[PDB]
Every structure is written in structure tokens, then in C-alpha cells.
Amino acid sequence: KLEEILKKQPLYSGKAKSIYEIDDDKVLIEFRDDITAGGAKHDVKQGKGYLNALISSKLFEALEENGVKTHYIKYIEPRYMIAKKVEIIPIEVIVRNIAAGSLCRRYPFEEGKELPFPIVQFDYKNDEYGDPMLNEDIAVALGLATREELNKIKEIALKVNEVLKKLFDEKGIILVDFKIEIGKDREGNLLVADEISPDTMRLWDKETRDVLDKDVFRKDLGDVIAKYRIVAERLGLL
């Protein structure tokens, strides 16, 4: 409300979005058209922020409908999101249904193979150290969060997975894996924050298994935005 909030200087600006202040417990998130990979690979593609903001709002709404508490308040066309302000826990929570990305790179897993169960991986969000994977003991010792919190985070992650996986599967999409971030609101509540989009999920077409996520950009597979749009279309957002 009073969208001219954009004229202010962002509380924080990252490689893909800008966080603007609205008040004490709310922020405006701007999904820019910046797309990155590696972030040694970069470009600006028209419609990226629009599509990710649109997809993200729908997925958060779906999560909220299944009981998952998120930071989502509302979507403001074309690429804005009003969210509850939270203090992000410096951990990237990765849930994997199919082996891909670093998993196949670091361990003897066959690419595209269905995992026996959703693997949950916690990566430390720290550029200086190259976002190293963590184990519970390390995370606690670093003071990133308590054991109780870490496990609650895992529970939330798996719930998010069951909801999203079922949803995309019904839309002919295979949710390979995804990365979420969690933060605490003013009341100390653990909320799924950041975004849930083709930038943070690996999505394959069920039939052909064509890539529909940011991997087409990092691996130059074709029209990234056109594939991102396929996701929007599949979710009935266009």
C-alpha cells in the first residue's frame, strides 16, 4: 500500500530480489529480472521477476491452505510481494525427490534416479565459506539454530515437499528438488520465507522430462523464460 515504497532505498538487495521496508513487521519484496548461476553467470531477461513472483505467490497460497505457515501476505502485479518481515536463518534447506545437482556430483547417485525417500540437506548460507553442507551438530555448534528448531525446519521442509510434489505432479510436472529459506517473525514463529519458484526448484515435464527451471539458463538448454512461463501456464496462472 502506497507502492511508491519503491522510491526508497532497499533494506537489502541481493542477486535476484530487493527487500523494501513497509513498516515494523512487513516488507515489500521485488522480484527483479536478474537471473544468475554458478554467481559467475548473469543476465537480465524480461518477464523473469513477473513469472517468479506469480508462481511464488500461488505456491505460498497453496502451502498456507495446507497449514504451512509462510511470510506471504499478498501479490502485487507484476513482480512484487508483500511479506511478513522475518529474520532469516542462514541455512538453505534443500529437499530432493530425484537425484540431481550437487547430490550426483558429490556422491555416487545416478542422475534422474528416484530417491528412496525425500532427502533433506542443510547448506550453510555463507559466501565466504562457499555455502558448505552442514550436519545437525555443526549447525548447532555454529549457533545457527537449536536442535529443536533444526528438526522443526526439517518437518516443515518435508510438509512443503508433500504439498508441492502432489500439486506439480497433478499439473504434469516432476518436482525434482527445491530450496527454501526459513525465518522467524517478530513473534519467533518459524516461517517459510524467500521464494518458491523455477529459480529455486528443479522442475521437469512429466512426459518428456524437459527442464523447466533455472537449469536451462545455467546449462543453456533453451528459452528459460518460455519454460518458466510453461510452469505458470501449468499452474493455471496465465
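Numbering starts at 1 and runs along the sequence shown.
Q: Does the entry skip any residues of the deposited sequence between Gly38 and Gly39, and if so, is it 1 to 3, 4 to 9, or 10 or more, or none at all?
A: Unresolved stretch here: 1 to 3 residues.
Q: Determine, for stretches 76 to 84 and 144 to 152, which one has the higher mean CA B-factor as deposited.
A: Taking the mean C-alpha B-factor of 76 to 84 and of 144 to 152, the larger value falls to 76 to 84.
Q: Name the higher of the two by mean Cα B-factor in the PDB entry, 110 to 118 versus 131 to 139.
A: The deposited B-factors put 110 to 118 ahead on the C-alpha mean.
Q: Which of these, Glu195, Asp213, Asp177, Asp33, has its C-alpha atom at the highest B-factor, as the entry lists it?
A: Max CA B-factor in the entry, restricted to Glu195, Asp213, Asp177, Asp33: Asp33.
Q: Once the chain's modelled residues are ordered by C-alpha B factor and cut into thirds, is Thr200 in the lowest, middle or highest one?
A: Lowest third, going by the recorded CA B-factors of the chain.
Q: Within this chain, which third does the Cα B-factor at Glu187 fall in: lowest, middle or highest?
A: It falls in the top third of the chain.
Q: Classify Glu181 as lowest, middle or highest third according to the C-alpha B-factor given in the PDB entry, relative to its own chain.
A: It falls in the bottom third of the chain.
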